[PDB]
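Comments concern the structure below.
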Amino acid sequence: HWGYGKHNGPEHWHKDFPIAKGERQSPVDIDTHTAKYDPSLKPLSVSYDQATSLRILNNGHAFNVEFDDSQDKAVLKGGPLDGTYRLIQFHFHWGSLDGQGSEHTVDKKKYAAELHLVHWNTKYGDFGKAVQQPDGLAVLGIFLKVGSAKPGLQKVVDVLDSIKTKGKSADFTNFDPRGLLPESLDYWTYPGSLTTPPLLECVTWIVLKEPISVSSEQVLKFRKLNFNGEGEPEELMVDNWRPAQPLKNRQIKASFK
Ligand SMILES: [Zn+2]
């Protein structure tokens, strides 16, 4: 099955998921000079005050922090979006070294990592139905650079020893995802896809301009995770990012001048 190796990585995905070569694939390079300021775009509304985290899972490609999405507790609205999108999970993509790891790039700059907060449109009732629709998901992408520690990330870092290998999960209640946001909600937006199989073209991407800073020790703990299951040969979970895909007939819009 698919992964990030020489034999099963992004350039192989098209064989099982032909949409890999589709017209609205993610991620993309954000050319900051070509992105158009769109004064009609609304400020993002991030309403995470009542978020209920439940669990953290090593799924063999990343780790997911899962939320209760059975009510409107943690929602994204406004920005480019029509209606209400419920937070279901967040995860990261990161590198083997600090010079790579993000999926989106900015003028070809690669960040050390990228956080994806995944939300689904409540008009489709469940995540599985939402991924079948062109406006089904809104993913909030946040870049990570290495410098100062991010205090709000440390609870995540400290549980990773308990989910080292594929299929391990741990209770992860009372985590506040507000602690992962930068100060500014200035963003770019474009229509795209899931960045892992099944690569469905169901995402409104919202990529924040302002990165968050994490410490070298925090990202080093990400890199101690394993792709493999328990009692299998150790394969470090690093470089779990898809490279930039062709922009094709798309416009990236900026919320800011
Ligand atoms: Zn992702």
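In deg cm²/dmol and to the nearest 500, what is the mean residue ellipticity at 222 nm of the chain if only DSSP H runs of at least 4 residues count, each as -39500 (n - 2.57), divided by the residue total? Please list the in-between numbers first.
Values: 3 runs with 17 residues, N = 257.
Calculated at 222 nm, the ellipticity per residue is -1500 deg cm²/dmol.
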* **Centroid-to-centroid separation of segment 207-231 and segment 109-186 [C-alpha atoms, Å]** => 12 Å
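If you take the square roots of the eigenvalues of the alpha-carbon gyration tensor of the chain and sort them as a ≥ b ≥ c, do you get rounded (a/c under 1.5), prolate (a/b over b/c) or oblate? Could the numbers behind the result be given before it?
Numbers: a/c = 1.33, a/b = 1.19, b/c = 1.11.
Judged from the Cα gyration tensor, the chain comes out rounded (a/c under 1.5).
Rounded, prolate or oblate, given the Cα gyration tensor of segment 9-136, with a/c below 1.5 counting as rounded?
Rounded shape, in that the Cα axes give a/c under 1.5.
Please identify every one of the GluC sites (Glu not before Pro) in segment 190-257 that sits in a loop by DSSP and has no more than 11 other beta carbons within 10 Å of its own beta carbon.
Values: sites: 201, 217, 230, 234, 235; in loops: 201, 230, 234, 235.
Sparse-neighbourhood loop GluC sites (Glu not before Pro): 230, 234.
Does segment 137-257 come out rounded, prolate or oblate, given a ≥ b ≥ c as the square roots of the eigenvalues of its C-alpha gyration tensor, rounded meaning a/c under 1.5 and, failing that, prolate meaning a/b above b/c?
Values: a/c = 2.11, a/b = 1.38, b/c = 1.53.
Note, shape of segment 137-257 comes out oblate.
Roughly what % antiparallel, to the nearest 5, for the DSSP beta bridges in segment 124-255?
Details: 9 of 17 bridges.
If we restrict to bridges inside segment 124-255, about 55 percent are antiparallel.
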* Mean separation of Cα contacts under 8 Å (6+ apart) over length of the chain, as relative contact order % -> 27 percent
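What list do you get for 1, 119 if you sort them by fewest beta carbons within 10 Å?
Values: 1 7, 119 30.
Lowest to highest Cβ neighbour count: 1, 119.
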* Structure fact -> In the neighbourhood of residue 191 defined by beta carbon distances under 12 Å, the net charge of the other residues (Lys, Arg +1; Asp, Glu -1) is +1
* To do: Determine the sum of side-chain charges near residue 4: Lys and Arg each +1, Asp and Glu each -1, restricted to other residues whose C-beta is under 10 angstrom from that of residue 4.
  => 0
* Structure fact -> Counted neighbours (other Cβ, 10 Å), sorted fewest up, put 108, 129 in the order 108, 129
* Within straight cross-link reach of residue 248, meaning Cα distance under 19 Å, which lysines are found once same-chain residues fewer than 8 apart are removed? -> 21, 36, 108
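Just the number, please: percent antiparallel of the DSSP beta bridges in the chain, rounded to the nearest 5. Could you put the intermediate results ahead of the total?
Working: 43 of 55 bridges.
Around 80 percent antiparallel, to the nearest 5.
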* Taking neighbour Cβ counts within 10 Å as the exposure measure, how do 143, 227 sort from fewest upward? -> 227, 143
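None of the figures in this text is laboratory data; all of them are computed from the coordinates on show. All Cβ positions, even for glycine, are placed from backbone atoms using ideal geometry, and neighbour counts span all protein chains on display.
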